[PDB]
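K.L.:
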Amino acid sequence: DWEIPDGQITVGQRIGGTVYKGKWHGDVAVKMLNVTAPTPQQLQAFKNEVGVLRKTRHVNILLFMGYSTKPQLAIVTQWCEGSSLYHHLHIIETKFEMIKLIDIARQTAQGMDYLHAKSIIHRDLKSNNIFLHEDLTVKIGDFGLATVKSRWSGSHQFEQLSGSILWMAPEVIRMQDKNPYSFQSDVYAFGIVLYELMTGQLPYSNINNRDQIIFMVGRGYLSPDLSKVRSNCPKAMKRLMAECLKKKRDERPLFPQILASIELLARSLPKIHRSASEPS
Amino acid sequence: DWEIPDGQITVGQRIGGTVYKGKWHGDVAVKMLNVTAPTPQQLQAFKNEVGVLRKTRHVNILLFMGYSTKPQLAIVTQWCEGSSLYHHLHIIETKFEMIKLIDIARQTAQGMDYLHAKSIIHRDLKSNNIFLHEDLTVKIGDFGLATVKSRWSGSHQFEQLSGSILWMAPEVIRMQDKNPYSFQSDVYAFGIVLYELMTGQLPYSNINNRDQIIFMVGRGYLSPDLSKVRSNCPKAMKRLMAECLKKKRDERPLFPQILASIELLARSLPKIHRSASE
Amino acid sequence: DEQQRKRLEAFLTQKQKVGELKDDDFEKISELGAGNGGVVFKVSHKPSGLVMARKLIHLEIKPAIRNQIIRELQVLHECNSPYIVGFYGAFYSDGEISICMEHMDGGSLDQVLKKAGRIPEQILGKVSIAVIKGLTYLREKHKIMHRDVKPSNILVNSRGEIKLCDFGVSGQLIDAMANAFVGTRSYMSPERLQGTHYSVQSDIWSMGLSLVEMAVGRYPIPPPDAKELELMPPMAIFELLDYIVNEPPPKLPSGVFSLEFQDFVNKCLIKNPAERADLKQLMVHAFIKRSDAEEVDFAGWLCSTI
Amino acid sequence: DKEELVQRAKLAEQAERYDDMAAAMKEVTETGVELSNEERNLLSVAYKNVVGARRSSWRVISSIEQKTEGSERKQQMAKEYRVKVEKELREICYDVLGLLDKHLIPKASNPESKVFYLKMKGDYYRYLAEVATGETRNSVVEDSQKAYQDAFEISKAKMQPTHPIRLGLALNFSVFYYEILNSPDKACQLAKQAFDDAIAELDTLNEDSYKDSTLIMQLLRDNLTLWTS
Amino acid sequence: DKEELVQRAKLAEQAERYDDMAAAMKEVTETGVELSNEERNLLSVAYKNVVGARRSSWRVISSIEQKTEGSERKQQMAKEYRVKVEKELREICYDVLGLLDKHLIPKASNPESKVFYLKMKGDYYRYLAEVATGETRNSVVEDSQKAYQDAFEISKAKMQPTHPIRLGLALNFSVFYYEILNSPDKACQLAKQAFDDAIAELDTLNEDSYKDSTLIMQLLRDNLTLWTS
Ligand SMILES: Nc1ncnc2c1ncn2[C@@H]1O[C@H](COP(=O)(O)OP(=O)(O)OP(O)(O)=S)[C@@H](O)[C@H]1O
Ligand SMILES: O=C(NOCCO)c1ccc2cncn2c1Nc1ccc(I)cc1F
Ligand SMILES: [Mg+2]
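Protein chains in written order, with full-length UniProt numbering: chain E, 449 to 464, 469 to 732; chain U, 449 to 464, 469 to 730; chain R, 43 to 274, 306 to 379; chain V, 4 to 232; chain W, 4 to 232.
#1: Is there at least one non-hydrogen atom of ligand 3 closer than 8 Å to the beta-carbon of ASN195 of chain R?
#2: Taking a cut of 8 Å between CB atoms, which residues from the segment 651-662 of chain E lie near chain R?
#3: I need the straight-line Cα distance from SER212 of chain V to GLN221 of chain V, nearest angstrom please.
#4: Could you confirm whether any beta carbon from chain E is found closer than 9 Å to the beta carbon of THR228 of chain W?
#5: Any heavy atom of ligand 1 inside 8 Å of the beta-carbon of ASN339 of chain R?
#6: Just the C-alpha distance for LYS59 of chain R and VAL127 of chain R, rounded to the nearest angstrom, thanks.
#7: Using only the alpha-carbon positions, how far apart do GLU33 of chain V and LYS117 of chain V sit?
#8: What span of residues does the beta strand (DSSP E) with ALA481 of chain U cover, start to end?
#9: Taking 8 Å as the cut-off, is the C-beta of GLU255 of chain R nearer than that to any heavy atom in ligand 1?
#10: Compare the beta carbon distance of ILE141 of chain R and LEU115 of chain R with 9 Å and say whether it is the shorter of the two.
#11: I need the boundaries of the beta strand (DSSP E) containing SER520 of chain E, first residue and last residue.
#12: Can a CB atom of chain W be found closer than 9 Å to the CB of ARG462 of chain E?
#13: Check whether the Cβ of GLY460 of chain U sits closer than 8 Å to any heavy atom of ligand 3, and report yes or no.
#14: How far does the beta strand (DSSP E) with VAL528 of chain E in it extend, from its first residue to its last?
#15: Ligand 2 and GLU114 of chain R: does any heavy atom of the ligand fall closer than 8 Å to the residue's C-beta?
#16: Can you tell me whether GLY474 of chain U is helix, strand or coil according to DSSP?
#17: Just to check, is the beta-carbon of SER212 of chain R closer than 8 Å to a non-hydrogen atom of ligand 2?
#18: Confirm the yes/no value for this check: CB of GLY149 of chain R, any heavy atom of ligand 3, distance under 8 Å.
#19: Closer than 8 Å to a non-hydrogen atom of ligand 2 - does that hold for the CB of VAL127 of chain R?
#20: Could you check if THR651 of chain E is buried or exposed, using at least 16 other CB atoms within 10 Å of its CB as the buried criterion?
#21: Does the CB of residue 2 of chain V have a neighbour CB from chain W at under 9 Å?
#22: Measuring only between beta-carbons, confirm whether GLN69 of chain W sits less than 9 Å from chain V.
#23: Just to confirm, are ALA728 of chain E and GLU182 of chain W a CB contact at a threshold of 9 Å?
#24: Got a sec? Which residues, its chain only, sit under 7 Å from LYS189 of chain V by beta carbon, not counting five neighbours each side?
#25: Have a look at E:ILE457, E:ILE452, E:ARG506 and E:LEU525 and flag the residue whose alpha-carbon is nearest the alpha-carbon of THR470 of chain E.
#26: Measuring alpha carbon to alpha carbon, tell me which of W:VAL134, W:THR139, W:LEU100 and W:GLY137 ends up nearest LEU121 of chain W.
#27: Using DSSP with H/G/I as helix, E/B as strand and the rest coil, what is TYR181 of chain W?
#28: What's the call for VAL86 of chain W, buried or exposed, on a 16-neighbour Cβ count within 10 Å?
#29: Please list, in chain order, the residues of the segment 619-651 of chain U that have any C-beta partner in chain V closer than 9 Å.
#30: If contact is defined by three or more beta carbon pairs under 8 Å, each pair taking one atom from either stretch, is the segment 323-339 of chain R in contact with the segment 258-265 of chain R?
#31: Taking the alpha-carbon of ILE527 of chain E as reference, which of E:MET627, E:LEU514 and E:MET484 has the nearest alpha-carbon?
#32: Could you check if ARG462 of chain U is buried or exposed, using at least 16 other CB atoms within 10 Å of its CB as the buried criterion?
#33: Report the residues of the segment 491-518 of chain U with a CB closer than 7 Å to any CB of chain V, ordered along the chain.
#34: In angstroms, rounded to a whole number, what distance separates the CA positions of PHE548 of chain E and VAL645 of chain E?
#35: Could you tell me the alpha carbon to alpha carbon distance between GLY77 of chain R and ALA95 of chain R, rounded to whole angstroms?
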């Protein structure tokens with residue numbers, strides 16, 4: 449059991469439910485439900501999020517460590533030193549080499565492959581939820597929207613659409629099915645991540661109308677401008693990005709296909725250069 | 449559940469049960485029971501080792517990833533790039549700065565604190581089972597002898613003593629109780645690790661008689677020569693080492709006491725360089 | 043006119059009484075409300091003693107653009123109108139741009155419409171004037187369109203003032219707000235939804251839609267069914314937008330409203346912006362001539378409904 | 004032309020060769036024209052690297068000789084290195100000070116630049132004062148004392164408490180007090196005063212040091228902690 | 004005495020100074036006595052580091068020369084600087100070959116030592132080959148060709164497929180085929196063949212050289228994956 453008896457956790461600073473840097477057998481991350489009277493809906497949210505994390509043990513999933521109930525509802529995970537992929541790419545504009553970018557793609561895919569393999573759909577994959585831990589290891593986090601695929605179609609019921617629009621697949625936006633999420637919707641989000649990785653910018657930078665983007669993407673009018681990929685981007689990546697981004701969800705390849713393509717493109721774009729006089 | 453369906457794992461090279473470098477969603481380490489007919493004793497061994505790993509999620513415990521049954525019995529864990537502490541200290545004689553050595557002590561203690569906090573006694577802590585992952589992060593591994601403390605004294609029964617002698621506490625060697633292992637026996641092993649860290653050598657280097665060491669340590673005649681600590685070793689560390697190494701197990705620091713001499717040292721003893729020129 | 047003059051005088055007085063603005067300068071009184079990306083607090087600015095509304099908008103932005111947002115908001119210091127909420131200052135602390143503005147103790151017409159159920163055509167007349175004058179003010183004296191007209195952005199007070207707020211003054215802030223969370227409804231004009239057109243003509247549509255919401259006392263979601271109109306799971310936003318773009322505009326019920334009012338909202342809600350009445354045309358509209366000339370204890374109606 | 008010389012020196016600095024660079028900068032200063040702000044840091048950079056190399060090989064000879072503790076030609080060579088790499092060390096610093104009084108002392112318009120020139124003089128004199136032991140070494144220590152006091156007066160007069168140069172003068176003068184002075188009391192007090200001055204120009208950190216000033220404060224904390232340890 | 008010289012050279016190698024080290028090792032070889040296994044790797048490290056610093060200088064100066072793309076005296080000064088680097092580079096390699104073909108190759112009792120010194124000779128001839136462009140290229144190219152062929156014969160005869168020296172000869176000879184002669188087909192064939200015969204005796208890997216063997220192995224794989232693209 450992973451319930452942390454009250455008193456042990458020592459909440460500190462704040463970062464962005470709500471997330472604090474705390475203390476429990478070392479630096480940890482503490483994500484709290486600030487309020488005092490947890491509605492049974494916030495309760496099932498918590499129960500569900502914990503339920504999902506419990507099933508994850510993989511170097512590219514951010515490490516769930518335990519949960520607390522008594523003070524406030526909270527989830528404890530490993531602390532990360534270093535920034536989100538969002539922060540590297542759009543804030544400090546880190547000048548990663550293409551082999552590194554490919555590798556970040558690779559690891560992100562590795563973590564997603566692992567989740568889908570245990571039937572978890574993340575539902576909120578995006579730059580911010582991808583941490584370059586110690587600048588060397590991709591840890592996917594924030595499982596606040598994560599869910600496990602139910603064998604039965606009538607368990608679903610009604611959930612108000614939430615999430616960041618730039619990473620939402622057209623079918624998710626449209627929200628026409630009982631359940632528009634799929635492994636494929638996660639792939640699409642990862643598709644937008646490839647976009648940030650191969651271009652350095654978010655999609656739709658000329659459009660600042662929030663509702664317009666929701667409407668135009670859901671309708672099919674709007675889709676990322678793939679011409680904005682930087683010139684050092686391997687052709688295989690551009691293709692792979694366009695495939696993850698297909699509007700017809702079934703046309704998007706899964707995590708196994710990403711693993712099939714993630715190895716070969718990296719092997720093809722060798723980073724070896726100069727090669728002369730080695731001390732050995 | 450952590451059972452990896454057969455076929456997914458792709459065993460490769462060998463290293464040292470038996471351990472291979474394999475493939476399963478990236479580089480992994482695969483530890484196999486080579487043989488073909490698993491005795492019910494080798495079976496409970498496996499069941500127990502998996503049982504313990506399942507309860508660990510901490511950056512200083514080597515990451516258990518899952519287990520396989522069908523091909524052979526096997527445990528899958530994260531792969532590590534970089535060497536064991538044994539290898540750094542006695543093979544390539546890595547010239548760590550004292551602040552680094554203290555930090556390795558610190559992290560090793562951190563992982564042990566986490567295990568004991570969930571009532572796991574490792575029982576085979578030693579240099580070889582402490583990996584400096586990417587040269588920056590201590591991961592404690594090999595839980596083949598690990599066990600969980602039972603609330604009831606009669607569940608124990610009979611287990612043939614196994615382990616590396618240089619890290620075995622006198623009470624463990626003597627093997628007089630039903631259960632001579634304790635959190636304190638783990639501390640003693642960590643004590644010998646401090647020894648390797650602060651001296652650069654294994655204990656009893658003048659003695660090469662295996663049975664003699666077992667006999668002299670169990671009897672109280674033999675104990676590590678603390679004079680061999682290198683001169684840059686903070687006095688607090690030497691004391692802390694001698695405390696972890698106390699013959700009377702209760703004398704050695706435990707749980708909070710273990711996270712006091714080391715934790716206290718961690719908030720102290722720093723900066724080997726006074727340079728400021730710019 | 044004289045009353046508005048005196049109000050502006052007092053505002054400028056308090057402005058000169060105070061100086062710079064920063065996070066330590068403030069004490070929280072209460073939470074006036076929250077939205078999609080912003081929060082509003084009734085606060086007491088400690089140095090001056092002034093009670094003001096403090097709006098915090100969360101943004102993760104480069105120092106160079108946060109400073110550009112502040113600098114661009116400083117234009118509000120000159121925005122002086124009785125149809126425009128007053129501006130005390132702006133700053134950035136922690137992770138959030140703060141806009142400090144004239145506290146309006148009556149709230150937003152959104153808040154009001156909740157307590158009042160439906161707003162009387164005669165009050166809406168005053169509101170319609172207030173909006174037009176304010177949109178005119180913004181347009182002519184400050185070269186800008188509102189962008190975001192809707193009940194929650196028209197604010198009213200004890201002295202019977204109806205002012206506009208949350209308009210698009212900093213161009214950089216507009217840009218920085220585009221990375222946003224999804225709303226639950228929309229007042230956006232169809233031509234904007236289609237990127238076909240962009241002018242004041244679009245703010246006119248939103249006023250139109252607002253009015254219908256305030257008149258009938260219900261938000262626009264494909265109007266209402268035959269039964270529902272007798273009394274008097307929510308449609309997802311994409312469906313709302315698709316409606317606005319592809320369906321006929323909403324309209325007022327037949328009998329309950331004057332023909333002048335029905336005609337007024339109608340010329341505000343014409344799909345094609347070209348054929349849609351402009352501020353000059355609306356100003357001399359039957360409904361506006363009438364309402365201007367009417368005298369209504371607006372301030373009285375307001376306090377009586379709270 | 005000067006610009007060919009400074010491009011040659013900058014290009015040689017990019018190639019991690021600090022002999023052609025020092026020769027080119029000595030050839031610059033031999034013209035006897037006053038430097039800019041930019042052309043000065045290049046001269047100090049190569050000179051600082053040469054001083055570091057002298058401390059490095061000479062420092063290795065010092066510790067290496069102690070480890071031997073015998074009586075031989077290997078030990079003779081360690082003593083020989085003290086005489087020879089030390090003589091090499093002496094030749095470099097004398098070339099620097101001769102190029103300092105000859106050119107840097109002759110032309111200097113910026114008073115800040117004067118502090119940098121005096122800070123450099125105290126640095127090279129103290130290094131020499133640290134190296135040799137005797138009466139000439141004591142005279143060099145006295146020379147560095149006068150040089151750092153002369154720089155400290157102008158720092159206290161017309162500098163910022165958050166400028167890089169005043170912070171560097173405080174840093175070098177504190178380590179002078181600790182290593183040559185061999186006093187931890189006064190040295191820690193001076194380091195604390197320098198850190199306080201750097202913190203006290205919070206607005207002046209933004210142009211003069213800011214992040215660099217914060218790093219200098221961290222160095223003062225490292226020195227102070229070590230001296231109080 | 005020899006041991007004072009080798010301790011002096013080893014001590015100077017620990018101090019990251021590669022001028023006194025090269026002078027001490029030239030003074031060792033000038034005695035004309037045969038080296039050990041240990042005293043040889045020091046000589047190769049010294050005369051590798053000295054040429055390597057100048058190689059990095061040459062590469063970055065030439066890239067600036069290709070970077071400028073104007074019409075001024077900067078190109079004349081930069082080209083002249085590159086010529087000076089070649090003149091210094093040329094002097095070092097000629098000193099090496101003069102110290103090599105007069106005391107070490109004609110007096111070489113161990114055939115393993117003969118593979119070593121011939122590998123060094125081919126290396127330094129390649130070092131001269133990359134920089135001199137003209138008629139004199141075709142002399143040193145053929146000279147290195149004869150030297151590497153002479154080493155390759157003795158490697159195929161009396162060496163191990165897992166020894167460090169045969170692997171290093173295969174590595175240097177493959178990069179010779181790729182860079183100097185620009186026939187990447189025979190370089191691909193050669194490196195693939197050397198890598199496949201390197202796999203055979205993977206079991207025969209004693210503690211004396213595991214790090215070198217696997218290091219040249221992964222370097223060979225990296226060169227292969229670069230060239231097959
Ligand atoms: N100056 C003010 N004085 C009193 N109340 C205010 C003031 N400003 C805003 N409020 C209230 O704060 C709430 C939010 O109003 P706005 O700032 O206009 O945002 P909004 O209309 O909710 O649009 P969204 O949903 O955030 S995109 C409303 O309940 C306002 O009535
Ligand atoms: O406030 C805004 N949007 O609402 C936040 C979502 O909750 C808002 C939106 C756009 C904008 C462009 N330039 C200023 N802009 C705003 N601010 C604002 C403008 C005028 C006044 I007087 C007071 C204000 F706070
Ligand atoms: Mg708003």
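Backbone N, C-alpha and C define an ideal beta-carbon position, used for all residues, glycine too.
P.N.:
So, from the data block:
#1: Yes - ligand 3 has a heavy atom lying nearer than 8 Å to the Cβ of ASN195 of chain R.
#2: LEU654, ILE659, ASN660, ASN661 and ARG662
#3: One C-alpha to the other measures close to 13 Å.
#4: yes
#5: no
#6: 19 Å
#7: Taking the straight line joining both Cα atoms gives about 19 Å.
#8: 479-484
#9: no
#10: yes
#11: Here the beta strand (DSSP E) through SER520 of chain E covers 516-520.
#12: no
#13: no
#14: 526-530
#15: yes
#16: strand
#17: yes
#18: no
#19: Shortest gap from the CB of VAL127 of chain R to any heavy atom of ligand 2: under 8 Å.
#20: buried
#21: A query on residue 2 of chain V cannot be resolved here, the shown segment of chain V reaching from 4 to 232 and no further.
#22: no
#23: Cβ atoms of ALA728 of chain E and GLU182 of chain W: closer than 9 Å.
#24: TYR180
#25: Comparing Cα positions, the closest option is E:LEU525.
#26: W:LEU100
#27: helix
#28: Here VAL86 of chain W is exposed, its C-beta having fewer than 16 other C-beta atoms within 10 Å.
#29: Those residues of the segment 619-651 of chain U that come within reach of chain V (Cβ to Cβ, closer than 9 Å) do not exist; the list is empty.
#30: Counting Cβ pairs under 8 Å, three or more are found: they touch.
#31: Here the closest residue by C-alpha is E:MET484.
#32: exposed
#33: none
#34: 15 Å
#35: 15 Å
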